[PDB]
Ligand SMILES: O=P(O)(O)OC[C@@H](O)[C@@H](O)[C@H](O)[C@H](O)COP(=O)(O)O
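One chain follows as structure tokens, the form deposited without the ligand.
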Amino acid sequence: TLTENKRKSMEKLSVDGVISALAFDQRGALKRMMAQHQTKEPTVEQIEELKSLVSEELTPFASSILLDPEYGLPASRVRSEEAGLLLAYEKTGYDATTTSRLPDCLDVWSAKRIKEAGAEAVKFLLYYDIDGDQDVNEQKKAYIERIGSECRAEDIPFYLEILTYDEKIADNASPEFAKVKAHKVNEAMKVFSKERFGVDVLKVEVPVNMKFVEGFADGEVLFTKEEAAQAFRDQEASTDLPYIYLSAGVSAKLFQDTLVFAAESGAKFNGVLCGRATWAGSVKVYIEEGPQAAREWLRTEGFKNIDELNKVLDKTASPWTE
């Protein structure tokens, strides 16, 4: 049950119980995208500006925006007044030399400081392999307990993002991983739905790799529609917390088709925290043609993209408000 302040914050992040949030806390990933289109290293000024442009042009069409404290603070101050704010709390990436992918908060940040920076939610990404090293997972669970406790104290919603993996499978897009994905996703949600983690909303993957599902696949078919549908019902049965989907490994259209398939299957998901697909194309335009050009792209292609997603969400998502 939400405290008064957490409920107020949840309300600021959604519309009629549905979270239609724009994810733009990309840091290293965004810089790498930018570097594709110019010779000089992308600058802090360029990065901050592009985030500000996306925030200004697209938040009128989003219930909230997720930004990073590193480059995203100016962008947060120019968001639509109707849109709420989440700030990321985790350091990006993971050590490729090991399989542990341990969580680490930004060095000079705390839940209190995230709140003071005007956020209505603390977001934190955790990599989790339910079948992995038990001592590694013990450390991960302890770390999430601390964060959930911070958020309880600061009275600010805790959005926990879970990205699954397997210590022994290098490629999550592989058929090998696809066969175990539902297990990884749904069992991880079951663990992190425990009261002791203090989570208010789970940001999670769809529990199936739709590219291998009958009727969605163009190549090999690993699952029938009924099998895929059962993975969604299992996911729904894994938690009683609000949860929202992130998009990965799929085209904007497939993600939208997945949202429809999810709702048809019985998943009562409560929205999305989705980004790249919507503003991606503006990065090239910003680098090559400049800010005003980027605005124009966002006002046209950007809007068209977010609009189509919104219409789908509007007919697929269920409200977290019971």
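Position 1 is the first residue in the sequence shown; the rest follow in order. What we label the rigid core is the largest C-alpha set whose atoms superpose within 1.5 Å from one form to the other.
*Asks:* Mean C-alpha B-factor higher for 100-108, or for 224-232?
*Replies:* Per the deposited B-factors, the answer is 224-232.
*Asks:* Higher average CA B factor in the deposited record is what I'm after, so tell me if that's 31-39 or 64-72.
*Replies:* Looking at the record's C-alpha B-factors, the answer is 31-39.
*Asks:* Tell me which of 154, 95, 133, 116 tops the list for C-alpha B factor in the record.
*Replies:* Spelled out: the listed residue with the top C-alpha B-factor is 95.
*Asks:* By the CA temperature factor listed in this entry, which of these ranks top: 120, 161, 218, 150?
*Replies:* Comparing C-alpha B-factors across 120, 161, 218, 150, the maximum falls on 218.
*Asks:* Select lowest, middle or highest to describe the third in which the CA B-factor of residue 300 falls within its chain in this entry.
*Replies:* Highest third of the chain for residue 300's C-alpha B-factor.
*Asks:* Which third, lowest, middle or highest, does the CA B-factor of residue 214 fall in along this chain?
*Replies:* Answer is highest: the recorded C-alpha B-factor places it there.
*Asks:* Looking at the entry's B-factor column for C-alpha atoms only, identify whether residue 144 ranks in the lowest, middle or highest third of its chain.
*Replies:* CA B-factor rank for residue 144: lowest third.
*Asks:* Which third, lowest, middle or highest, does the CA B-factor of residue 237 fall in along this chain?
*Replies:* Within its chain, residue 237 is a middle-third residue by C-alpha B-factor, going by the deposited values.
*Asks:* How does residue 283 rank on Cα B-factor within its chain, lowest, middle or highest third?
*Replies:* For residue 283, the deposited C-alpha B-factor lands in the highest third.
A second form of this protein, the form deposited with the ligand bound, is not displayed here; the remarks below concern that form.
*Asks:* Ok, 191, 125, 105, 213: which has a heavy atom sitting within 4.5 Å of the ligand in the deposited bound form?
*Replies:* Filtering the options by heavy-atom distance leaves 125.
*Asks:* Can you pick the one in 267, 259, 53, 273 that has a heavy atom within 4.5 Å of the ligand in the deposited bound form?
*Replies:* Exactly one residue meets the criterion: 273.
*Asks:* Decide whether residue 66 counts as a contact residue for the ligand in the deposited bound form under a heavy atom distance cut-off of 4.5 Å.
*Replies:* Answer yes; at least one heavy atom of residue 66 falls within 4.5 Å of the ligand in the deposited bound form.
*Asks:* Using the partner position in the deposited bound form, report whether residue 295 sits within 4.5 Å of the ligand, counting heavy atoms only.
*Replies:* No.
*Asks:* Report yes if any heavy atom of residue 18 sits within 4.5 Å of a heavy atom of the ligand in the deposited bound form; otherwise report no.
*Replies:* So residue 18 does not count as contacting the ligand.
*Asks:* Hey, in the deposited bound form, is residue 180 touching the ligand, heavy atoms inside 4.5 Å?
*Replies:* No, residue 180 stays farther than 4.5 Å from the ligand in the deposited bound form.
*Asks:* Just one stretch in 218-226, 89-97, 135-143, 151-159 has heavy atoms within 4.5 Å of the ligand in the deposited bound form, so which one is it?
*Replies:* That would be 89-97.
*Asks:* Going through 2-36, which residues have a heavy atom within 4.5 Å of the ligand in the deposited bound form? Please give them in sequence order.
*Replies:* 23, 25, 26, 27, 28, 29, in sequence order.
*Asks:* Once you overlay the rigid core, does the Cα of residue 260 travel 2 Å or further between the shown form and the other one?
*Replies:* Residue 260: C-alpha displaced by less than 2 Å between the shown form and the other one.
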